[PDB]
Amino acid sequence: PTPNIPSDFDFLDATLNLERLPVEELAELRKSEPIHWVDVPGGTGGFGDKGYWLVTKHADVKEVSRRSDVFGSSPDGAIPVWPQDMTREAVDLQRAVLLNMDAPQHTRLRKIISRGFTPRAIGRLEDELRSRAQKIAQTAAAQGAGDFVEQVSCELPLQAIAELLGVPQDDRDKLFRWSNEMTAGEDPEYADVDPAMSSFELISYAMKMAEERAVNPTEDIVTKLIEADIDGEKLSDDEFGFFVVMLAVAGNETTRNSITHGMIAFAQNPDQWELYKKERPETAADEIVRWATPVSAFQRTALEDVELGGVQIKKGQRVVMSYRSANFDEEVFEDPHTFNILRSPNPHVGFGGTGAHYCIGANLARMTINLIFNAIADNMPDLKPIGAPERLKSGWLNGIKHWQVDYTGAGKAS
């Protein structure tokens, strides 16, 4: 333990993170106790255990990510914190989707699924997503002022998934509503929704899509995921359904927040925004992800006793990787508190550390970021905030729910 941070301060508490990320407190851990046990003696939400290890240094996050053979994802899932009313049963079945699977099942499925995320499958979407990014940005400009999250940030991540899967235009509204309902989480603005019913309707929709594409193949990835290869490897129709569930939760709010936070960073750093509009540099999307770190943390569970950074971790204890801390590690990044869209090298972990679960959508995500920031630069170069960003109440997803913005930059109607 370390005098500056008492062991009962819970870095993943959703009420705390609603107010602020615990940035200063993470920095004290990096300095003085880089692998730190948090006490939650009355029992953690969902898990029912009495605390967790928090891993705050970049090198150790990469170490945990690389050693999946001792740091598993399936005993407890990757999401590191839940409300007090989450049940152990609801936690235990996160493992129906890729993120929360260990070998051999994860290994087989990730190999199949990687067919969908080649530079070719992703570059094929680029023209359509550019064309959608430009319209999103123009339609929003046309309103003069509004909620930048709903009007600029939200749509392109969901269209990227719709375009990747070849979702019929008439099906997009329900797909998108199921995706948004699925991640209702613990914010009171979303208390009314049914995440499980939404996720059941989505699976059912996706399975029907697999059945159809089996008789009528397409140019989209669905066809490649469900066609047996040399060794008869392919997703079954319900594997495909759980894959679609995976994408809807993996590729929506994460990219949406990288966009919202990127724009906030630009609004706080006008010179970076001038430089952006003028060069469109290729290093910008990665600085945006580092800066947003949309996933603040994900965890593993020790599968046997293991030593890590000189600390003895015992089998069954959770080990939480702070990507928010690691992305500002003073030993890895020069001036980590400067938003620099030319930052290079930029070995951020917003997509995870290299390893079995490294984000499969990462290039699709950078492409989404590049497309919308180009559209914003092209169609609303002078936007300025009218209001404070409102934070999402979550202990692990760095979300912004709303941010009032003047698109014309001069109180204009247009």
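From 1 onward, residues are counted along the sequence shown.
The mean Cα B-factor in the deposited entry runs higher for 137-145 than for the other of 243-251 and 137-145. Taking the PDB entry as given, 371-379 carries the higher mean Cα B factor of the two stretches 371-379 and 24-32. Highest CA B-factor among 157, 281, 294, 80, as stated in the entry: 281. In the deposited coordinates, the residue among 74, 322, 257, 183 with the greatest CA B-factor is 183.
Per the PDB record, residue ranking by Cα B-factor puts residue 130 in the highest third of the chain. Sort the modelled residues of the chain by CA B factor and residue 61 lands in the lowest third. Ranked by C-alpha B-factor against the other modelled residues of its chain, residue 214 falls in the highest third.
Placement of the Cα temperature factor of residue 105 within the chain: middle third of the modelled residues, per the deposited record. Per-chain ranking of the deposited C-alpha B factor places residue 384 in the highest third.
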